[PDB]
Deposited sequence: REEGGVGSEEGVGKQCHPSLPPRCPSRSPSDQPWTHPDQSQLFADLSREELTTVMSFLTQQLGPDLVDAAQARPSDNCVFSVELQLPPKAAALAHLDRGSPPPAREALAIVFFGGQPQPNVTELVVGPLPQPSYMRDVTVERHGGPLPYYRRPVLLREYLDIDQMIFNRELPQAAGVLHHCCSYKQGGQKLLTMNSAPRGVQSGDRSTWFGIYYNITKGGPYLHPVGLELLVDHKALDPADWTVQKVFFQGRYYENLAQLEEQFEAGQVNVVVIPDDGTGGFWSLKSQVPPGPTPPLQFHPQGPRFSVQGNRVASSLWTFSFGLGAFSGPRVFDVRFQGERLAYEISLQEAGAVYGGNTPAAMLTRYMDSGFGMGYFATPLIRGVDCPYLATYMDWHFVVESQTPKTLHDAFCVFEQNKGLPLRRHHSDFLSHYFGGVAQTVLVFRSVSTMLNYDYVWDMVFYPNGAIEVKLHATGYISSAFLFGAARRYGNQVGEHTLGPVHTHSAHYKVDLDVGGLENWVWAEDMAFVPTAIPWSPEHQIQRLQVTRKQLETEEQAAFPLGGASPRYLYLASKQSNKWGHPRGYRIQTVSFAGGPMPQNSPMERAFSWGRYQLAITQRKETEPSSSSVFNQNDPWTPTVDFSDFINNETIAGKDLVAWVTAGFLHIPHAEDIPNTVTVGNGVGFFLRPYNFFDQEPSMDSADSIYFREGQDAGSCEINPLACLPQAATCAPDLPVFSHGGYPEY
């Protein structure tokens, strides 16, 4: 099991090894301060593909099982963040700093994600030193400390306007013990500068209150005293062992990236591998509004972590009561492994739609079919307000469906001015702001082996004389085919035109002489790429494409980075860089899919948005890969 996530035991071992080997004093990350040194996280380091295949296919010994550790080195003249490969598990003996060889240089400290202790300290500052200065205005709008509901804060990101910044607009909301505290904005937002290593030097650089901007809370309060601020009062058949799933028809290895999310490796249909890896790479949301956080937010969720933020699947609600559930173990912001109970679930679903069927007239007595049962692998990420359920469903005919379903609660903004220009009013003093939802997937298809080619097939109409009546013409329907040659030709612009039939194929043909292939059919209602003029769109440049094929490279494991979120102006990973006109004829190919939709909140979204529809994502379908409809057991 070389693709299995590190276990509770391996997580503890690496940690012990790190404490022992790291000369600079370490602090439990759950309690670390900017200036401390701490281990931010440790998880599996995926092995090199060649070594993994030599093992899986040729029985060579397994590749050294390694872990990747992200260390925040804040206690030093020039703090940095460092990635260390530690291995070979069970008992490590080396610790390799690979930061520079993977990024060209050091990782600046302001790129590290904000720590939970950092959030807790920002909150102590806001509730103990900041808000009381505006007690008067706060009693008026919100019964602050006078029986009114408790207040709580809401993060936003990126944090600033250029590289180096760590200034975040935190919004103030009623802690209504109900469906979404973020559905009750107060209209108060604070720009706190928390870039300094000593929290004692943090400050609020600006404040936004119900439509107006102020220098600080003391100015808001004193102008309110002077009767100059109008305050609005705000009311209220298969088995699973280790990391492998096995069914009569399918077989694959599953896992969860702490930052990347759900992933699957070594997918095989009837013994034949169709893909080395299929995994989530990034999920994002771009917001609009006339209040600070709504107008500035551009999320690249791996910065928080689709794995880290994964939640327990509710039996009977998220998965069937009789589904098989599996646990996940991780070490993120703690020096002891945590286990996430019921992080995954696998079960068989009856689509209630006949898979195959045909009927006829009389004394042709042989018509019927079978129902369509599919195998589902599921997990759920809960990022602040939205819940993302990730699906990978395997069909009995060799097809795979990968989908994203968004549910949860929407984040709201205090309504004022030209608010409707940025969304819809969904309550009193509340606007539901516009945003897009995007997801990116890495699809490493190895069709009939490693060496693949990309084919673009479509239709065309060409008028031609009718043979049996030459005086008449007929718009002749036909298929068009072109073997793509370079990456540039296989980078299809979001919302643009792309071949209706696009597939990756091996050199060998099926019995009938057609290239064996697996095509990709995307399903999305994406909203329109962010203009490249944005000083930060390169950090999520995967959003420029609906689909893109490049050469699989050991040096390009991901289309995004945990480090992009707190510094999109100078991205740590710019997916578009992977597209550099290389040949895609007979190479190990990787397909990357973008899927998403536009969300203009509406009244039906309150108190919670529902999963109506079949999600967003893609299908991988066999196209002349077999010589006929494949068997089924």
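Coordinate coverage of the deposited sequence is interrupted at 1-40, 277-304, 702-746, where no C-alpha atom was modelled.
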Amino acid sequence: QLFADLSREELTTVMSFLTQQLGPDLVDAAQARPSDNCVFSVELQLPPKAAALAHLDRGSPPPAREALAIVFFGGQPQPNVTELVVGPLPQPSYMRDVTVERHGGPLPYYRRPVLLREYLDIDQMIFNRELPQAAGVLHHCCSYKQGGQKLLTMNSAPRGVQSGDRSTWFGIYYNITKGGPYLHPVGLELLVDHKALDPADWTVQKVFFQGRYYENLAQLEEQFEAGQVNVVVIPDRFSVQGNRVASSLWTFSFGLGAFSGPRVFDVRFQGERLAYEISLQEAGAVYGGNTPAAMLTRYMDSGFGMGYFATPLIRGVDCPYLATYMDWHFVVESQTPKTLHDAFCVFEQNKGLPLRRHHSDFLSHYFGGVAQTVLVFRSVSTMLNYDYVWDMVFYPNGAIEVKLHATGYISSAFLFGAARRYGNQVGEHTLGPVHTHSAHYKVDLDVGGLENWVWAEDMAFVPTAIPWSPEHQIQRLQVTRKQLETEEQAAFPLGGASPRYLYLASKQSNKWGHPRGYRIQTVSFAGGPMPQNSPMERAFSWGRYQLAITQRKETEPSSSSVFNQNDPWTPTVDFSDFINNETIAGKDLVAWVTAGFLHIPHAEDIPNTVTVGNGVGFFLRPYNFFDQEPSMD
From here on, numbers count along this sequence of modelled residues.
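When the two stretches 528-536 and 258-266 are set side by side, the higher mean Cα temperature factor goes to 528-536. Annotation for 376-384 versus 155-163: the higher mean temperature factor (C-alpha) is found in 376-384. Ranking 424, 469, 480, 216 by the C-alpha B-factor listed in the PDB entry places 469 at the top.
Considering 438, 510, 336, 541 together, the PDB entry gives 336 the largest C-alpha B factor.
Sort the chain's modelled residues by C-alpha temperature factor and residue 224 lands in the highest third, per the entry. Residue 11: CA B factor in the middle third of modelled residues in this chain (values from the PDB entry).
Among the modelled residues of its chain, residue 279 has a C-alpha B-factor that falls in the lowest third according to the deposited record. Among the modelled residues of its chain, residue 624 has a C-alpha B-factor that falls in the lowest third, as given in the PDB entry. Remark: residue 182 belongs to the highest third of its chain, ranked by C-alpha B-factor as recorded.
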